[PDB]
Amino acid sequence: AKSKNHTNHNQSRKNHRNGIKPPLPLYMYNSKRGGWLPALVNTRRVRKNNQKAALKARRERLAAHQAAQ
Amino acid sequence: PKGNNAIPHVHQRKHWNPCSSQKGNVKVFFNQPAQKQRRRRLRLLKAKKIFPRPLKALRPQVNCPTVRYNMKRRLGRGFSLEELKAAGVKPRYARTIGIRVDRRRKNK
Amino acid sequence: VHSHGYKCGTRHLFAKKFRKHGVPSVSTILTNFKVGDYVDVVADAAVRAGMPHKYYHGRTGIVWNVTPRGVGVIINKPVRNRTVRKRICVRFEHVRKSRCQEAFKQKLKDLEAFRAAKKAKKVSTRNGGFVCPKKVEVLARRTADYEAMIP
Amino acid sequence: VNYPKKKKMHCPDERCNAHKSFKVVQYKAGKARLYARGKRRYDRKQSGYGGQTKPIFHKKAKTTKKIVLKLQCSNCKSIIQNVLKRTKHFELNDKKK
RNA sequence: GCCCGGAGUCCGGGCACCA
RNA sequence: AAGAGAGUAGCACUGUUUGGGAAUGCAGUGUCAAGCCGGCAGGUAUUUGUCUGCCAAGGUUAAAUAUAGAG
RNA sequence: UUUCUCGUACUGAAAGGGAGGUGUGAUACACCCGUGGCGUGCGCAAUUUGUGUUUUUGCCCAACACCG
RNA sequence: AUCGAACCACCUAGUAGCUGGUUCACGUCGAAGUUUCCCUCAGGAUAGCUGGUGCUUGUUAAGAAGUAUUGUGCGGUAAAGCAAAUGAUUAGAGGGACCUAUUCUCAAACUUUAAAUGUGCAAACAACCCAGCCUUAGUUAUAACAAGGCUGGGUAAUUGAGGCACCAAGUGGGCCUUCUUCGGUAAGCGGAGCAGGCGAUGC
RNA sequence: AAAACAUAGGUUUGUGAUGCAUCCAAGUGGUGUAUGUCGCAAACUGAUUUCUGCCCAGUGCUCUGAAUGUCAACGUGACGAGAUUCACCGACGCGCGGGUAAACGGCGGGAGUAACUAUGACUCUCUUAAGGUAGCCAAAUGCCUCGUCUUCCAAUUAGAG
RNA sequence: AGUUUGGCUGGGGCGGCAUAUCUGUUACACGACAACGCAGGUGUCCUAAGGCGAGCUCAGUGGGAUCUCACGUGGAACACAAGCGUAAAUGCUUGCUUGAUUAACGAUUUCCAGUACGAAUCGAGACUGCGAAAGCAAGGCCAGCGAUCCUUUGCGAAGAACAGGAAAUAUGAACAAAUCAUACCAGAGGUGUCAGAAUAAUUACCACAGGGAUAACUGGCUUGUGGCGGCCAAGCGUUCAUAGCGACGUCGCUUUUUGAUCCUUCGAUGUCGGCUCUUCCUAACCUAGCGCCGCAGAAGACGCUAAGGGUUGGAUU
RNA sequence: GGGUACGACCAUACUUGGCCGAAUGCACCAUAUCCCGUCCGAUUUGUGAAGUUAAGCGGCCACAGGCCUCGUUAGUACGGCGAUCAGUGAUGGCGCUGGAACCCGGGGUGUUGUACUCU
Ligand SMILES: [K+]
Ligand SMILES: [K+]
Ligand SMILES: [K+]
Ligand SMILES: [K+]
Ligand SMILES: [K+]
Ligand SMILES: [K+]
Ligand SMILES: [K+]
Ligand SMILES: [Mg+2]
Ligand SMILES: [Mg+2]
Ligand SMILES: [Mg+2]
Ligand SMILES: [Mg+2]
Ligand SMILES: [Mg+2]
Ligand SMILES: [Mg+2]
Ligand SMILES: [Mg+2]
Ligand SMILES: [Mg+2]
Ligand SMILES: [Mg+2]
Ligand SMILES: [Mg+2]
Ligand SMILES: [Mg+2]
Ligand SMILES: [Mg+2]
Ligand SMILES: [Mg+2]
Ligand SMILES: [Mg+2]
Ligand SMILES: [Mg+2]
Ligand SMILES: [Mg+2]
Ligand SMILES: [Mg+2]
Ligand code: NA
Ligand code: NA
Ligand code: NA
Ligand code: NA
Ligand code: NA
Ligand code: NA
Ligand code: NA
Ligand code: NA
Ligand code: NA
Ligand code: NA
Ligand code: NA
Ligand code: NA
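This is the structure we're talking about:
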């Protein structure tokens, strides 16, 4: 016995029950894994220097406050 | 619908259950507290009969094998022939006064 | 259900134009792309290499990767009850700079200019007023125009 | 399809890190060993009374096979295997038309 | 896939089949 | 000073059995030992040399265990 | 301190190996009251008259580093 | 009184994606007949629709919207055309064919042109603009660019709760109507697109 | 309840006993066989009368053809330290070559042509293992079909010839 | 003796492949969209028909004796089906070549569950080819192909290390020497029912669980076919379209034929014909009443109102 | 007002025919020892001006074809939403609204950057 083949009826109603969720924000999953390697490798060396400078800045800020107290 | 479950492997397809057509293959433990009482009664009765002999005969101290139990000590079956000679006791006479004797131990 | 390949409904979509055939010009070659830009994805159909799928023709997205002869763009796409952020790699010929933010940027430039001038407007037709015709015609649906609509 | 007898291909060996001349010979499958683990298991399962114990696959549909070439270098004895598309007649004449 | 025979060559033959 | 169980153990083929996998146990037929540097076992087949543990092919033996349609 | 089991460490087919921070040098050296750094972050603390700031818990994102 | 394989007891409560049944009340919510794979088509697994348990938060909007505005992209359907390419096709006129300029009538698998209804993106605080710096093994012949940071100054209507998990049910025979449509002489016929309904619901 | 089966008659096959057919799980076991070719066992046709044509390519059965090609265990030799590997030998059967249809079965097309037309004894040509012989028929076997002619009725998709 | 003897399907069977796939159209100007819908393809082929540099211009037309000049927007060619694309080229000729190799498990698109397979896009490293260079090339653009288990091939060359290290493949578990076997990584032998069982018939002697999800008979929708009628008027009728007819066209009605469908019924609605008996319809054969004729009489043709009454006996089947 | 070289947009720049052109230039032109390539110095390559503005090039013109632009076709064709609207139907108008195309008519026939350059 034959039957139905295909229909898109009721599918738009189902998709909007819980809505079409908005896309993820642009700041959420932003990793350049497969990109241009020469630029990726260079950015790592800059980031390592930024982390080292961040640690040094907190050391001087803490020492200055302790001297005042 | 199945979902994210483990694959069961329950191992119960061998007619172990007693029903109208099968005798079954089961073992229960309803006599456990009764058998505990009976064994205790026999131990007290044996002590009364053999008085004043000790309940258990003397046994040696041995080392457990393999690397997992290298450092552990327990009791062995019986004393060695070399050990009995060192203490000056005959083996057949030793069994008479309540000393267990083992003729297979090696004393390495 | 038969014959759904990579280019199914593309007879008129990837056709070039009338009297506008050819290959990309120098102005296209000299365009500069940088990460964070907005671009439109349109096919060229004279460059077979790096041509995007038919779904992404006419779509607008942001670039996340720059390569020696290619650009990577992030494009939204609704699937069932959600939109997926897709990444496509295309050649620089199938990509155009987008003007979808020039009005916004021009608004910012005007605001700072207005503040800069202040540191150193329109006529509403909605409100009423006097009207002096000096002449008044009449519309009357003459019988001549009824006779006109006869081919 | 016609193929040359020699090719100039890159050699990955440390001694010969350059383009060298390779000799082309078609690959043929070896002979089954009768003492492979799978063959020992099959012979044990097959002995007895139950008849045939495994499938035989009579429904053959393909009419060609893929071509595998073994490329043998001279100075460094390394071998490199390559695969071509399916074809019905493979020849190694190398004499250009 | 084996062993032959007749023209490395195609056929005729007796055999053998776990993707 | 001697000795300690022979169509026995082993091997080949076939069948069955086992978690036992180049073969765990057994059965049939063929073949069939050693003890003057012995034999068996040591979980991957073969040849060679060590090491470790035992000494088959005869027999008896309480207690702790079962009573799943009995007395 | 159980005599066994689950857990406090994982990784490789295997032989095997086995995870703290900061500073200074190119089984290295010296210290040990301690979040590896960045972003968004309940509550609390301190300021201005509502704003700006510190520490941020839990969680999440992206970059190090260390073990096989 | 039993025969295309007798009767009796047992294995046996044999297996059944198939047919039948399945026992108190009130309350809060509430569907699907669709996607992919399967010796699959009277059945399953998988996603969707639903319930329960929440977590993190907020008090005008955080990563809000089946809706408009402004700006900026995409398209070849209706229409139109054959006096424009491809194809079909009627008749005269000027130099039997042929040529030149016309003329009647056309196209789901023709088109120069080309709507309406549509469809991407943007319209700010995890951001922007400017100033002064830091780093790099990236670019450039080197001022200049890239990228990651640090320190000071200024910054599109109207509706309203945002985000993130875990566990699981039923369902996977549909049918009707508006408009657009394909096959068929047609059908209360077979097959699709958009929306609303019945199924599950009375008044 | 018959047109089916059986029957007398006819034909074919195997077989001289350490046999042919054949039962049983098995044995110094059992049946035709208390038998001996005018016998026993296995098929087909179906009284009498008169007959029983051609085909051995296919499948089957069979041969006192094994002549040669191919093959399994068992045997005999080699390389190797050995497991392993290789070589040679290796029966029936298959292949090859004969016989057999009262074994299963099978048994043709197309043109031209005789003093009116019509038919074609005669010719030619394709083609098989052989190309349906003696007989019989719209028959319980003929689609077309209620075939065509005679007979039987006033009239017959019926009956007979 | 045991078992099997595909699926889809306007019932099933025979047929076909709509079973894995590519182009145009259906398809309604984003994307997606079904039918045993329409027009056609695919399991191959190519050491060049792959890569690059250079030179040139094709189909065709016209004027002159294969040769020559001019025009020539592609009307040619690009292995094959179609679409798109291309003129100092993506076409043709020629020269040199092997980028159809390797490519540290880099990222992504199409199908999509945001799985795999097939195909494709953008990259980093090695060694190269063609170019004076910029540059192009890891096949021929998009269709041309394949899991687990098993079999088979390639890589783990020789040396260096007083110790397993940034550098020497691992194991065979009491230990050593040589064979053998096995693991880890990359390919190949195939499943076309193409996400991948190893597979012949018959049942009228038949069985079971079910199905009105599905055929054969009644009923329902339709009316192609069947049947019964209108409209126009070229002709036929001694001349005369219409007494009577009426071609070429066009408009309807009926459900008394046969088709098309599959709505009800498969825990059953007794399936042809004849006999008997009642009733209804009119599209009127006879009986009643009228008009008209190519109606002298007679016999008839046509038309209207009319269903009250009637409509036979036999041969073969 | 010009020329040359390198360009951007790629016909308001194209096609046919006609008329004119100071200077710097561009070009036609002369010739094969050497570099280089052909059947042929025709193309290409190397050498250098004895001539010529005939051609190429630039400017202008043509009720010329094309192309660009504005109107007209036309609120026409077609469309979204509504009706217990009209009509036997085929179809159509109405309400709130979006809105073309060909033909035809008027106008137009390149704009410009960098460097070196003659009045
Ligand atoms: K369910
Ligand atoms: K009778
Ligand atoms: K007889
Ligand atoms: K024969
Ligand atoms: K024969
Ligand atoms: K490369
Ligand atoms: K299976
Ligand atoms: Mg369905
Ligand atoms: Mg489900
Ligand atoms: Mg019972
Ligand atoms: Mg005993
Ligand atoms: Mg029920
Ligand atoms: Mg509710
Ligand atoms: Mg229901
Ligand atoms: Mg009777
Ligand atoms: Mg006859
Ligand atoms: Mg008859
Ligand atoms: Mg009669
Ligand atoms: Mg007769
Ligand atoms: Mg079927
Ligand atoms: Mg391909
Ligand atoms: Mg039905
Ligand atoms: Mg009944
Ligand atoms: Mg009844
Ligand atoms: Na287009
Ligand atoms: Na023995
Ligand atoms: Na049961
Ligand atoms: Na399958
Ligand atoms: Na049902
Ligand atoms: Na169902
Ligand atoms: Na008879
Ligand atoms: Na005859
Ligand atoms: Na008759
Ligand atoms: Na399948
Ligand atoms: Na009809
Ligand atoms: Na009709």
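Chains as they are written, first to last, in the UniProt record's numbering: chain X, 2 to 70; chain L, 13 to 120; chain G, 2 to 121, 128 to 158; chain W, 2 to 98.
We treat Cβ as the ideally placed atom computed from N, Cα and C, and that holds for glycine.
DSSP beta-bridge partners of residue i
i: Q53/W; result: None; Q53/W has no bridge partner.
i: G62/G; result: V40/G
i: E92/W; result: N3/W
i: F91/L; result: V113/L
i: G71/G; result: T68/G
i: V96/G; result: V42/G
i: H11/W; result: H20/W
Whole-number beta carbon distance between residue j and residue i, since they are thought to touch under 8 Å
i: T150/G; j: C101/G; result: About 55 Å separates the two Cβ atoms, so there is no contact after all.
i: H95/G; j: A44/G; result: 6 Å
i: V80/G; j: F34/G; result: Contact flag wrong, Cβ pair sits at about 28 Å.
i: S4/G; j: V40/G; result: Not a contact, Cβ separation roughly 32 Å.
i: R70/G; j: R88/G; result: In fact, because the Cβ distance is near 17 Å, the residues do not count as touching under 8 Å.
Three-state secondary structure assigned by DSSP to residue i
i: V80/G; result: strand
i: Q27/W; result: strand
i: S26/G; result: coil
i: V84/W; result: strand
i: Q47/W; result: helix
i: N50/X; result: helix
i: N75/L; result: strand
i: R116/G; result: helix
i: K39/L; result: coil
i: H66/X; result: helix
i: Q12/X; result: helix
i: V91/G; result: strand
i: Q73/W; result: strand
Neighbour list for residue i in chain X, Cβ cutoff strictly below 8 Å
i: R81/G; result: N16
Beta-carbon proximity list for residue i, same chain, < 6 Å, skipping 5 on both sides
i: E94/L; result: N119
i: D14/W; result: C77, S79
Chain X residues whose Cβ lies nearer than 7 Å to that of residue i
i: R86/G; result: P24, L25
i: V72/G; result: Within 7 Å Cβ-Cβ: nothing; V72/G doesn't reach chain X, min ~11 Å.
i: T68/G; result: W37
i: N33/G; result: Going along chain X, no residue has its Cβ under 7 Å from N33/G, so there is no contact; the nearest lies around 15 Å.
i: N134/G; result: By Cβ distance, chain X contributes nothing, its closest Cβ being about 41 Å from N134/G, past 7 Å.
Same chain, Cβ closer than 8 Å to residue i, five either side skipped, listed in chain order
i: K40/W; result: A33, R34
i: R16/W; result: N76, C77
Partners in chain G for residue i, counting only beta-carbon separations shorter than 7 Å
i: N19/X; result: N82
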